[PDB]
C-alpha cells in the first residue's frame, strides 16, 4: 500500500488492516477469516458472504469458492484489492 494511506493515529487491533483516507479519518477492518467484536478480531474460519459481506469491503462482491473460501472482488475498473479485498482502492 501507498505510504500516504497508512494509519498514523489509530492503535490498530491485531489481525486487522487500517486505511487512512483523504479526509484524515482512519478506518480499521478485520482481515478475512476474522470477525469484529468490540475492538477484537476473533478467528472466523468459516464465515460466509452472508455475514457482513464475508468481511469483504462493502462495495466489493463476495463469492464463496468451491473450497468454502471467501473471494472478494473489487468491481470498479482500475480498482484493486488491498488485503485480499478487505479494502478496494484505485491502483
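Positions refer to the first chain, counted from 1.
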| query | finding |
| --- | --- |
| 51 to 59 versus 30 to 38 - which carries the larger mean C-alpha B factor in the record | 51 to 59 |
| Selected stretch [higher average CA B-factor]: 60 to 68 or 40 to 48 | 60 to 68 |
| Selection from 79, 25, 15, 11 [criterion: highest C-alpha temperature factor in the record] | 79 |
| Residue 1 CA temperature factor, ranked by third within the chain | highest |
